[PDB]
Amino acid sequence: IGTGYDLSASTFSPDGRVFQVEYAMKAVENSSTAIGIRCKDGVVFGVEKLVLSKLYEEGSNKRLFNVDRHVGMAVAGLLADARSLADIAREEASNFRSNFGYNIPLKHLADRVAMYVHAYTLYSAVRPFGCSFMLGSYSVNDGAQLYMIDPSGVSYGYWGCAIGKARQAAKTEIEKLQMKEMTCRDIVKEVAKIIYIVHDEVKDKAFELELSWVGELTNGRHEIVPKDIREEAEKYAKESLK
Amino acid sequence: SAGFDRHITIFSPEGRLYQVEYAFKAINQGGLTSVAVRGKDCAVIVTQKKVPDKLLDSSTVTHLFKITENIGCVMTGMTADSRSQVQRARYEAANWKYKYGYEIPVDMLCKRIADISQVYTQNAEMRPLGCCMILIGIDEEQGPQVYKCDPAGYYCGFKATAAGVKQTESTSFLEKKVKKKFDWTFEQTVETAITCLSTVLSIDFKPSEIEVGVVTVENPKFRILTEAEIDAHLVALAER
Amino acid sequence: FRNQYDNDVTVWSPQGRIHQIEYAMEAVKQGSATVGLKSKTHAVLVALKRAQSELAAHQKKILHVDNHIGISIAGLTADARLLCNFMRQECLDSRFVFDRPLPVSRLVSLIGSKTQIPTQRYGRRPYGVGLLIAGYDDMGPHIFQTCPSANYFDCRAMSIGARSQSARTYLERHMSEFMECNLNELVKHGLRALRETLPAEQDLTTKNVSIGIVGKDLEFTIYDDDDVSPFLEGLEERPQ
Amino acid sequence: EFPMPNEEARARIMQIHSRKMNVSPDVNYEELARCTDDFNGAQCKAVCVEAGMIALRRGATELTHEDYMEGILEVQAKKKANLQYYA
Amino acid sequence: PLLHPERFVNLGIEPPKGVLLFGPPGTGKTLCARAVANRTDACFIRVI
Amino acid sequence: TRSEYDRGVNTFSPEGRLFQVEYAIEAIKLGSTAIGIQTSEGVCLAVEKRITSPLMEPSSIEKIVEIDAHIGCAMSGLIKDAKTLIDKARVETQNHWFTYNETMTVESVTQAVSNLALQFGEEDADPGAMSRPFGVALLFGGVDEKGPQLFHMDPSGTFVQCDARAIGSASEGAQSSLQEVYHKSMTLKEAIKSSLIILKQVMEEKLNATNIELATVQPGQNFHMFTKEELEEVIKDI
Amino acid sequence: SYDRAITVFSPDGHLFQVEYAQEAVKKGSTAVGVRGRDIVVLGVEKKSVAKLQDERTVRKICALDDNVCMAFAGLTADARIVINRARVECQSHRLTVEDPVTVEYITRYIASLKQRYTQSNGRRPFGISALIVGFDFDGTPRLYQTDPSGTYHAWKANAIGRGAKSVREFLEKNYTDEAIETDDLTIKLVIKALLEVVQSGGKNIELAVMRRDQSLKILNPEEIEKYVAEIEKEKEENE
Amino acid sequence: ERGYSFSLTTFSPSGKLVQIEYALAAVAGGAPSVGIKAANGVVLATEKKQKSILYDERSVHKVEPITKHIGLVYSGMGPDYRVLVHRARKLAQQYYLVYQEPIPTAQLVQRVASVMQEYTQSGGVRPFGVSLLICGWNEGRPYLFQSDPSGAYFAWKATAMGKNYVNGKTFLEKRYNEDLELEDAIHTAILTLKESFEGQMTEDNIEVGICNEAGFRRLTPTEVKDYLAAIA
Ligand SMILES: Nc1ncnc2c1ncn2[C@@H]1O[C@H](COP(=O)(O)OP(=O)(O)O)[C@@H](O)[C@H]1O
């Protein structure tokens, strides 16, 4: 159980593991589920948002942010953590633009944000950012990339990944989908049905689906799904979820 | 006896720094392994690749990197510590090039980054970056060098080195090969590395599960051995 | 003690929770209830004033920060007051540099950024104050509830504090009129909400209630015993 | 795995523990269930039989919804802190 | 229950079966019990 | 197990309480009883001396002090804590009489003093400030544009306008008595008589000239602390 | 628990480190000071030097300014530090305002210094209590006691250190208006209070007298034998 | 006694800082090293033996020069030794810049002792787990010093610390004489390495540096092999 070793993030285990980042893993797996898929000419994002109370307005706690004009922001974990990480990432992108004069590559932004989130992982006076976030972009001269960065600090490249209480579940049902060929039009449908099947209705009901994407379909610009395409995706979901 | 294994800055009885050994054990926690072999004018680095699913982008999960245009790097352990340490190494190499006007020798790069890790393990403000490093390169009047760095800041040159879960058996196999006193040509060095990995793992891996980097005197650039050439090398090893 | 995981905000539970943050969240459950409603063009904040003794004035729970934006506090006096001076300084800085009112969403975003630092970094205690934010901007009225977990929500309504679940379920019963109500209707709805919070022996007297209303053309104005008198004259009688 | 009691779990739990009570049908167990956020299990005993004893507090009335909401509001937190220095 | 049994009869509730008066020594537990015994028209039992 | 949360002010109880602040609050009861009452004609402040030795110089022990000619103070808690608080209050009142060249209202006085208070857990203490909550409860009274005004300050930084507030060792009992002895139309003379009556009922010893310090602030005159002869006059009636 | 932390309130509202520092004075030595009509006197029990200590550097009574003096009880290093700081502050005050420092100002400075030394961790409180004496510009006799808690108070005649309670009761029973009519009467009172606790007499007592701006000279060990001859003479005179 | 063996700023009720003693225990577990001061010069040596001949012995050197006439050897931690070398070089070169004269070895030892005892001043920073042997020649006199993790520094006609240091010290005190010559000093040093070398020293298994009137120089592998053969 590691008692006496997991009171700080600068203390290793007898097996050689920092238990703070593992507890952050646990917190992320105890959070909401978000999927993303990169299409042929862009990337799309999907958030399963639980309406804890109908008193909450729609669009509250918006979770699919956009770090840059061409870079989105999907994230699972703590909303305060999500906003702080988004803010530091936005400042990083703005500094990159101010110093280097062009758009930040997704891989380079992921590397910088992973270094920064690591800088909060290994200190003792601070705590690792217990939230896992997504990076997505589309550049006409670079391509499309997707990255998942967890509080552990590892920024690996995933074609399309999920984070939350249905990590393995979403892996099982996103593996059956063929991915690399179709574009956002034929990928939003799959994302919608995947999100609507991973959610549990008997327990943790009352969820809504919000979506966002980046790509040439909006001129390499990240934005939420248009209301018409949004209701069309919901209609395909209700038809396909039967 | 015990109870002194809580702070990096606390000396236990018998003067034993527990937490540093805890970090060394954390090196293994990555679950991977890596080996480096050096020839007369070549130095081959090979590392294992484990993919939980096809869902990941294999082009970004490389475990070996390039510090400067002629200095390559491989490492293992926690991947976040790995990328932070390669960022610091690149920063230090660029600073050295800026200040002194010529490329960083492998030995000096290892020395400086090991000094950084020592300062990390000397003061209690830092978790000592629990990832081990292996650096390769070519230097004039000395030839190829292979150097290893560890979180404790202990650095040393190696004719052949290893890391990961299978450290001790890989080192024993390396000793068994080097005691025969053979020249280790470039293809021979690469094949010794592949055979070491395959036997210590007992897997006889498919060529898609290994990343290889090599630096030679005729190719001072750190060349990441592409899929075509690694296929050639290791399927030739298969038939050879 | 298995709860050695709640002595500072910088440690996680084995189950992946920050119990200090949860205690800060429960802290604002101690303060008196406060419910807010918003119309097509008008947002109301109505709170239940409390007094240390009947021989002394009731504790103010509605705070004016700027002509268009207003806040209501429920929790620690110190943290809420500090947040209020921070709000006033930022609203003034926005008026000085941009000559435009601070957006409600932007104000709440900077509130979240400010209050996350105590949650993330050792030192300052987490801001254990539940804030109800009601203002006006381009797309009309907004009600923002900033939970002391450094989180905020865009809500049609919210009651935060002691026995606020009664008001929550009252509003859950009465969504269907909030959007289309005028000033008097929404005010009476909020008053019925607090009356639901208040037990049987007590009633919403003049000294007991505090009402803050903002709108498109009407600034964030807070009413008192004499000022709440016309608004409570239209108030009905308690359905007891 | 024993999860958090559900709304139906509550409704039936105070129904069975209160099956010995003379509760009038004027109550609404489901709304109590939806106000039983973080009220779990043995907290029947509180809401439930303490609601019988609150009907005693209320003056030996029928087990109407009034005492059930009261018990929900009180449960373990029936004590009122009434604490200063809180705005 | 003792002086008003009919209310728990027509409320269909079993009267309280046991009560524990736990507190620090000298608080008055014994004395309060004896006082309520006197005022409940029932004889007090002392079991050391 | 409370013990893990009393150590330090930056801890939160499972009930969300500030145990260090609560201990500071209870530390007010270590101080002597102070009673202030608000009337239309003004405010009067009555306190207990608690003289340790007859050889003591009564001028040294200060339970009521002047922040400005228009305002008055009362203390209960640590002497040095209140000394810093009162010095800051006087500096602030001169800051206002500098910036706006006007007499600054008692509610703003308690605002600024509470700003110095509740700063214990603030990162601006890097130059040096309270790492611990201030341990004195303040009673502010005076006359401003809103007429006579009395404010009670809580070491947590909270303030409330009170018609009649009692702080110190006997705050509960004195407050309970003031609850029924106070009327809104009470004159200054009868209010001060009632205040000394409460002190007599509350104080541990007999009331003599060296047991009570008395203060008054009225719209007409400035802050006046009752002299020995004035104290004798006001105590001979009672 | 709640004792090993300077800035942590106890559940019963005590800063126990401050009270422990205050109690540390009671383990010092008796130091009693009385203010008269035109004089102020300082009586302190002197540690009998065994065989080799140089009494010139065992200074228990020191003057902060030409118009103020002070005796201390507590750890000597703390007393030396506070003496240096307080006399530096007297000189800086004369730099700022050019007039001699009043006893109230220097006592307030000493109290504030001790207080700022007892409100944060990593700073141990000054465990010394000092009796401040001196005359103002208008020559009013004032005497102040400073407490390691960081507070000060005006005392007509106070005693600190070990046995300070006995000297306090003695002064309560013997301090009269006519007892300060003459300098010799004040001296008789102060030596009587001293010999209450240090009954050996003769040595082990040091005295200092400040008249109306005489730049006090400590009573030298020729008339302490003379003054104790006077004390013994009056003592066999009333008995 | 256990509650005081955890910080460097708390005195044990009986003795002194226990973390310093534990750093010394770390020192005594290091690689054996022997320094000998002859009449005309000084010699210091150490054992470089390590498993996995794969290791490049030339890559790192345990004997390093500080200036043209000052050299040093250690026993204990490696990286701490490197850091000490860096700080010593910086300090000696600062002295050179200020005075434009080769730094006397006594002042170098004093300054390095001050810098290492600086790490012992406060908590949060562990003391160096390394003891230093300083060799130097100046004013027609060979100087040999030992620098401690505690910051203590003392002189030594001939000493040996590290593993099996007590036996080496007994050997030295049963061998050393005040009229020893440089070559005989090297012979005695290699013999001291031998009596606890445990495994047949080679030319590269040990590392020996020498200082004399002609400055300090670490012996090349060829001369080391020649001396090893001469001793046999
Ligand atoms: N509430 C109370 N009213 C009157 N007397 C009390 C009260 N509490 C305690 N006492 C006194 O305490 C004394 C002993 O109390 P006791 O009942 O023995 O304490 P315990 O509850 O530990 O048995 C009695 O003589 C009684 O006078």
# chains A, B, ... in the order shown; residues from 1 in each chain; ligands from 1
>>> residues_near_ligand(ligand="ligand 1", cutoff="8 Å", atoms="only C-alpha atoms and all ligand atoms", output="ChimeraX atom specification")
/E:23-32
>>> write_last_selection(atoms="C-alpha atoms", output="short mmCIF file (atom, residue, chain, number, x, y, z; two decimals), in the first residue's frame")
data_model
loop_
_atom_site.label_atom_id
_atom_site.label_comp_id
_atom_site.auth_asym_id
_atom_site.auth_seq_id
_atom_site.Cartn_x
_atom_site.Cartn_y
_atom_site.Cartn_z
CA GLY E 23 -20.63 10.68 28.73
CA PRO E 24 -17.64 11.72 30.83
CA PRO E 25 -17.73 10.91 34.55
CA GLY E 26 -19.39 13.32 36.93
CA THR E 27 -21.52 14.74 34.12
CA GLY E 28 -24.74 13.75 35.87
CA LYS E 29 -25.79 10.61 33.98
CA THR E 30 -26.63 8.74 37.19
CA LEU E 31 -28.34 11.78 38.67
CA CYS E 32 -30.39 12.59 35.56
#
>>> residues_around(residues="residue 209 of chain F", least_positions_apart="4", cutoff="9 Å", atoms="only C-alpha atoms", output="JSON, numbers by chain")
{"F": [213, 228, 229, 231, 232, 235]}
>>> write_last_selection(atoms="N, CA and C atoms", output="mmCIF file, in the first residue's frame")
data_model
loop_
_atom_site.group_PDB
_atom_site.id
_atom_site.type_symbol
_atom_site.label_atom_id
_atom_site.label_comp_id
_atom_site.auth_asym_id
_atom_site.auth_seq_id
_atom_site.Cartn_x
_atom_site.Cartn_y
_atom_site.Cartn_z
ATOM 1 N N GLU F 213 -12.515 51.664 33.075
ATOM 2 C CA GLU F 213 -12.212 52.762 32.172
ATOM 3 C C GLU F 213 -13.450 53.047 31.338
ATOM 4 N N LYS F 228 -10.900 60.877 36.317
ATOM 5 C CA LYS F 228 -11.151 60.337 37.649
ATOM 6 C C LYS F 228 -12.397 60.959 38.263
ATOM 7 N N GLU F 229 -12.535 62.279 38.142
ATOM 8 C CA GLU F 229 -13.706 62.949 38.695
ATOM 9 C C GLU F 229 -14.967 62.596 37.917
ATOM 10 N N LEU F 231 -15.429 59.806 36.239
ATOM 11 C CA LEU F 231 -15.710 58.426 36.616
ATOM 12 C C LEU F 231 -16.381 58.348 37.978
ATOM 13 N N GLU F 232 -15.899 59.128 38.945
ATOM 14 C CA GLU F 232 -16.548 59.162 40.248
ATOM 15 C C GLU F 232 -17.982 59.656 40.129
ATOM 16 N N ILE F 235 -20.143 56.954 38.657
ATOM 17 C CA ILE F 235 -20.269 55.757 39.480
ATOM 18 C C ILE F 235 -20.969 56.011 40.812
#
>>> select_by_dssp(residues="segment 77-235 of chain C", states="strand (DSSP E or B)", output="JSON, numbers by chain")
{"C": [121, 129, 130, 131, 132, 133, 134, 135, 136, 137, 140, 141, 142, 143, 144, 145, 146, 147, 151, 152, 153, 154, 155, 158, 159, 209, 210, 211, 212, 213, 214, 215, 221, 222, 223]}
>>> write_last_selection(atoms="C-alpha atoms", output="PDB file, in the first residue's frame")
ATOM      1  CA  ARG C 121       0.526  24.679  -4.920  1.00  0.00           C
ATOM      2  CA  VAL C 129     -16.108  30.360  -0.470  1.00  0.00           C
ATOM      3  CA  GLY C 130     -19.117  29.568  -2.633  1.00  0.00           C
ATOM      4  CA  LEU C 131     -19.665  32.474  -5.008  1.00  0.00           C
ATOM      5  CA  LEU C 132     -22.846  33.204  -6.958  1.00  0.00           C
ATOM      6  CA  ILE C 133     -22.064  35.430  -9.942  1.00  0.00           C
ATOM      7  CA  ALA C 134     -24.831  37.326 -11.761  1.00  0.00           C
ATOM      8  CA  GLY C 135     -24.079  39.873 -14.476  1.00  0.00           C
ATOM      9  CA  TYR C 136     -24.980  41.127 -17.934  1.00  0.00           C
ATOM     10  CA  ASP C 137     -23.074  41.075 -21.222  1.00  0.00           C
ATOM     11  CA  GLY C 140     -27.725  38.703 -21.775  1.00  0.00           C
ATOM     12  CA  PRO C 141     -27.878  37.586 -18.158  1.00  0.00           C
ATOM     13  CA  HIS C 142     -25.563  34.954 -16.721  1.00  0.00           C
ATOM     14  CA  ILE C 143     -25.569  33.076 -13.422  1.00  0.00           C
ATOM     15  CA  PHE C 144     -22.201  31.568 -12.504  1.00  0.00           C
ATOM     16  CA  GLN C 145     -21.645  29.480  -9.372  1.00  0.00           C
ATOM     17  CA  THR C 146     -17.984  29.115  -8.398  1.00  0.00           C
ATOM     18  CA  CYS C 147     -17.620  26.105  -6.108  1.00  0.00           C
ATOM     19  CA  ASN C 151     -14.657  24.885 -10.341  1.00  0.00           C
ATOM     20  CA  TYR C 152     -17.494  26.937 -11.790  1.00  0.00           C
ATOM     21  CA  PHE C 153     -20.751  26.168 -13.572  1.00  0.00           C
ATOM     22  CA  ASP C 154     -23.095  28.062 -15.873  1.00  0.00           C
ATOM     23  CA  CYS C 155     -26.416  27.480 -14.132  1.00  0.00           C
ATOM     24  CA  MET C 158     -28.142  27.552  -7.810  1.00  0.00           C
ATOM     25  CA  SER C 159     -28.548  27.501  -4.043  1.00  0.00           C
ATOM     26  CA  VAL C 209     -33.476  38.872   3.296  1.00  0.00           C
ATOM     27  CA  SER C 210     -31.041  40.569   0.936  1.00  0.00           C
ATOM     28  CA  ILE C 211     -31.918  40.984  -2.742  1.00  0.00           C
ATOM     29  CA  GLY C 212     -29.581  41.864  -5.596  1.00  0.00           C
ATOM     30  CA  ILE C 213     -30.905  42.417  -9.126  1.00  0.00           C
ATOM     31  CA  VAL C 214     -29.022  43.131 -12.357  1.00  0.00           C
ATOM     32  CA  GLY C 215     -30.260  43.557 -15.899  1.00  0.00           C
ATOM     33  CA  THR C 221     -28.534  47.128  -7.182  1.00  0.00           C
ATOM     34  CA  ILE C 222     -28.878  45.545  -3.739  1.00  0.00           C
ATOM     35  CA  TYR C 223     -32.014  46.106  -1.667  1.00  0.00           C
TER      36      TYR C 223
END
>>> residues_around(residues="residue 131 of chain H", least_positions_apart="3", cutoff="6 Å", atoms="only C-alpha atoms", output="PyMOL selection string")
chain H and resi 74-75+147-149
>>> write_last_selection(atoms="N, CA, C and O atoms", output="CSV table (one decimal), in the first residue's frame")
chain,number,residue,atom,x,y,z
H,74,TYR,N,40.1,10.8,-4.1
H,74,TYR,CA,39.0,10.7,-3.2
H,74,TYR,C,38.8,9.2,-2.7
H,74,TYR,O,39.5,8.3,-3.2
H,75,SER,N,37.8,9.1,-1.9
H,75,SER,CA,37.2,7.7,-1.5
H,75,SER,C,35.8,7.9,-1.1
H,75,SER,O,35.5,8.6,-0.1
H,147,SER,N,40.9,16.3,3.3
H,147,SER,CA,39.7,17.1,3.5
H,147,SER,C,38.5,16.2,3.8
H,147,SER,O,38.3,15.2,3.2
H,148,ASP,N,37.7,16.7,4.8
H,148,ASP,CA,36.6,15.8,5.3
H,148,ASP,C,35.3,16.3,4.8
H,148,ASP,O,35.1,17.5,4.5
H,149,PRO,N,34.3,15.4,4.8
H,149,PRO,CA,32.9,15.8,4.6
H,149,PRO,C,32.4,16.8,5.6
H,149,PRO,O,31.6,17.6,5.3
>>> residues_around(residues="residue 25 of chain H", least_positions_apart="2", cutoff="12 Å", atoms="only C-alpha atoms", output="ChimeraX atom specification")
/B:11-17 /H:18-23,27-30,75-77,128-131,148-150,161-163,165
>>> residues_around(residues="residue 25 of chain D", least_positions_apart="6", cutoff="12 Å", atoms="only C-alpha atoms", output="list in words")
residues 15, 62, 63, 64 and 65 of chain D
>>> write_last_selection(atoms="N, CA and C atoms", output="mmCIF file, in the first residue's frame")
data_model
loop_
_atom_site.group_PDB
_atom_site.id
_atom_site.type_symbol
_atom_site.label_atom_id
_atom_site.label_comp_id
_atom_site.auth_asym_id
_atom_site.auth_seq_id
_atom_site.Cartn_x
_atom_site.Cartn_y
_atom_site.Cartn_z
ATOM 1 N N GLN D 15 -39.058 1.936 2.553
ATOM 2 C CA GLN D 15 -40.341 1.246 2.480
ATOM 3 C C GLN D 15 -40.351 -0.024 3.321
ATOM 4 N N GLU D 62 -49.285 11.492 11.690
ATOM 5 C CA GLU D 62 -49.085 10.450 10.695
ATOM 6 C C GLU D 62 -47.728 10.639 10.029
ATOM 7 N N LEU D 63 -47.124 9.533 9.594
ATOM 8 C CA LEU D 63 -45.808 9.599 8.959
ATOM 9 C C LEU D 63 -45.993 10.193 7.567
ATOM 10 N N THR D 64 -46.143 11.509 7.538
ATOM 11 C CA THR D 64 -46.352 12.263 6.320
ATOM 12 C C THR D 64 -45.004 12.693 5.755
ATOM 13 N N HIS D 65 -45.039 13.379 4.618
ATOM 14 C CA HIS D 65 -43.798 13.747 3.955
ATOM 15 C C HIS D 65 -43.038 14.808 4.743
#
>>> select_by_dssp(residues="segment 24-160 of chain G", states="helix (DSSP H, G or I)", output="NGL selection string")
:G and (24-25 or 55-57 or 76-97 or 103-117)
>>> residues_around(residues="segment 65-67 of chain A", least_positions_apart="6", cutoff="8 Å", atoms="only C-alpha atoms", output="count of residues only")
8
>>> residues_around(residues="segment 6-8 of chain B", least_positions_apart="2", cutoff="7 Å", atoms="only C-alpha atoms", output="PyMOL selection string")
(chain A and resi 5+11) or (chain B and resi 4+10+19-20+121+124)
>>> atom_distance(atom1="atom CA of residue 88 of chain C", atom2="atom CA of residue 160 of chain C")
22.4 Å
>>> interface_residues(of="chain D", to="chain F", cutoff="9 Å", atoms="only C-alpha atoms", output="short mmCIF file (atom, residue, chain, number, x, y, z; two decimals) with C-alpha atoms, in the first residue's frame")
data_model
loop_
_atom_site.label_atom_id
_atom_site.label_comp_id
_atom_site.auth_asym_id
_atom_site.auth_seq_id
_atom_site.Cartn_x
_atom_site.Cartn_y
_atom_site.Cartn_z
CA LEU D 83 -20.79 29.06 13.56
CA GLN D 84 -19.45 32.61 13.56
CA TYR D 85 -16.77 34.05 11.20
CA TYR D 86 -18.69 32.55 8.25
CA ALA D 87 -20.30 35.07 5.92
#
>>> closest_atom_pairs(of="chain C", to="chain D", cutoff="12 Å", atoms="only C-alpha atoms", output="tab-separated table")
residue	atom	partner	partner_atom	distance
C:27	CA	D:86	CA	9.5
C:28	CA	D:86	CA	8.7
C:29	CA	D:86	CA	10.6
C:30	CA	D:81	CA	7.8
C:31	CA	D:86	CA	6.0
C:32	CA	D:87	CA	7.6
C:33	CA	D:87	CA	10.5
C:34	CA	D:87	CA	11.3
C:47	CA	D:87	CA	11.1
C:48	CA	D:87	CA	10.6
C:49	CA	D:87	CA	9.0
C:50	CA	D:87	CA	8.2
C:51	CA	D:84	CA	9.2
C:52	CA	D:84	CA	6.9
C:53	CA	D:84	CA	10.4
C:58	CA	D:87	CA	9.9
C:59	CA	D:87	CA	6.4
C:60	CA	D:87	CA	7.3
C:61	CA	D:87	CA	6.5
C:62	CA	D:87	CA	10.0
C:63	CA	D:87	CA	11.1
C:72	CA	D:87	CA	9.8
C:73	CA	D:87	CA	6.8
C:74	CA	D:87	CA	5.7
C:75	CA	D:86	CA	5.2
C:76	CA	D:86	CA	4.6
C:77	CA	D:87	CA	4.9
C:78	CA	D:85	CA	8.4
C:79	CA	D:87	CA	9.8
C:80	CA	D:87	CA	8.0
C:81	CA	D:87	CA	9.4
C:128	CA	D:86	CA	10.4
C:129	CA	D:87	CA	9.0
C:130	CA	D:87	CA	10.2
C:131	CA	D:87	CA	11.3
C:161	CA	D:87	CA	10.5
C:162	CA	D:80	CA	9.5
C:163	CA	D:73	CA	6.6
C:164	CA	D:73	CA	9.5
C:165	CA	D:35	CA	7.1
C:166	CA	D:35	CA	8.2
C:167	CA	D:35	CA	11.0
C:168	CA	D:35	CA	9.3
C:169	CA	D:35	CA	7.6
C:170	CA	D:35	CA	11.1
C:172	CA	D:34	CA	10.7
C:173	CA	D:31	CA	10.5
C:196	CA	D:69	CA	11.1
C:197	CA	D:73	CA	9.9
C:198	CA	D:73	CA	11.4
C:199	CA	D:70	CA	9.3
C:200	CA	D:70	CA	10.6
C:240	CA	D:66	CA	10.8
>>> atom_distance(atom1="atom CA of residue 54 of chain D", atom2="atom CA of residue 67 of chain D")
6.2 Å
>>> atom_distance(atom1="atom CA of residue 222 of chain H", atom2="atom CA of residue 203 of chain H")
7.5 Å
>>> interface_residues(of="chain D", to="chain A", cutoff="10 Å", atoms="only C-alpha atoms", output="short mmCIF file (atom, residue, chain, number, x, y, z; two decimals) with C-alpha atoms, in the first residue's frame")
data_model
loop_
_atom_site.label_atom_id
_atom_site.label_comp_id
_atom_site.auth_asym_id
_atom_site.auth_seq_id
_atom_site.Cartn_x
_atom_site.Cartn_y
_atom_site.Cartn_z
CA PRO D 3 -22.07 0.90 -4.60
CA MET D 4 -23.84 4.06 -3.46
CA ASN D 6 -29.71 4.30 -5.74
#
>>> interface_residues(of="chain G", to="chain F", cutoff="7 Å", atoms="only C-alpha atoms", output="list in words")
residues 7, 8, 9, 10, 11, 12, 13, 14, 115, 119, 120, 150, 151, 153, 154, 155, 156 and 172 of chain G
>>> interface_residues(of="chain F", to="chain C", cutoff="9 Å", atoms="only C-alpha atoms", output="PyMOL selection string")
chain F and resi 1+4-5+9-17+114-115+117-119+121-123+156-165+175+178-179+182
>>> write_last_selection(atoms="C-alpha atoms", output="mmCIF file, in the first residue's frame")
data_model
loop_
_atom_site.group_PDB
_atom_site.id
_atom_site.type_symbol
_atom_site.label_atom_id
_atom_site.label_comp_id
_atom_site.auth_asym_id
_atom_site.auth_seq_id
_atom_site.Cartn_x
_atom_site.Cartn_y
_atom_site.Cartn_z
ATOM 1 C CA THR F 1 -9.014 13.050 15.310
ATOM 2 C CA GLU F 4 -4.137 16.892 12.444
ATOM 3 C CA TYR F 5 -6.060 20.094 11.613
ATOM 4 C CA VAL F 9 -4.155 27.771 9.847
ATOM 5 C CA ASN F 10 -4.118 26.444 6.260
ATOM 6 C CA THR F 11 -5.935 23.214 7.168
ATOM 7 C CA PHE F 12 -9.584 22.343 6.591
ATOM 8 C CA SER F 13 -11.574 20.184 8.975
ATOM 9 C CA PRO F 14 -13.847 17.412 7.693
ATOM 10 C CA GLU F 15 -16.597 19.795 8.815
ATOM 11 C CA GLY F 16 -14.866 22.599 6.888
ATOM 12 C CA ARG F 17 -13.949 24.592 9.994
ATOM 13 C CA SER F 114 -9.948 43.823 8.995
ATOM 14 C CA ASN F 115 -7.833 44.161 5.856
ATOM 15 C CA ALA F 117 -6.564 41.201 9.835
ATOM 16 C CA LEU F 118 -7.478 38.038 7.891
ATOM 17 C CA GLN F 119 -4.095 38.469 6.171
ATOM 18 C CA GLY F 121 -2.727 33.205 5.416
ATOM 19 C CA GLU F 122 -1.599 35.592 2.687
ATOM 20 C CA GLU F 123 1.533 35.319 0.556
ATOM 21 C CA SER F 156 -11.220 36.408 11.817
ATOM 22 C CA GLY F 157 -11.716 39.775 10.094
ATOM 23 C CA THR F 158 -15.517 39.819 10.257
ATOM 24 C CA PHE F 159 -17.264 43.025 11.318
ATOM 25 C CA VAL F 160 -20.900 43.772 12.163
ATOM 26 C CA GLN F 161 -22.766 46.931 13.106
ATOM 27 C CA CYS F 162 -23.959 46.317 16.662
ATOM 28 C CA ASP F 163 -26.204 48.486 18.802
ATOM 29 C CA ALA F 164 -24.690 46.910 21.921
ATOM 30 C CA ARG F 165 -21.918 44.307 21.868
ATOM 31 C CA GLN F 175 -24.567 40.067 25.828
ATOM 32 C CA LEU F 178 -27.705 43.737 27.125
ATOM 33 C CA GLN F 179 -30.282 41.844 25.076
ATOM 34 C CA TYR F 182 -31.216 47.729 25.583
#
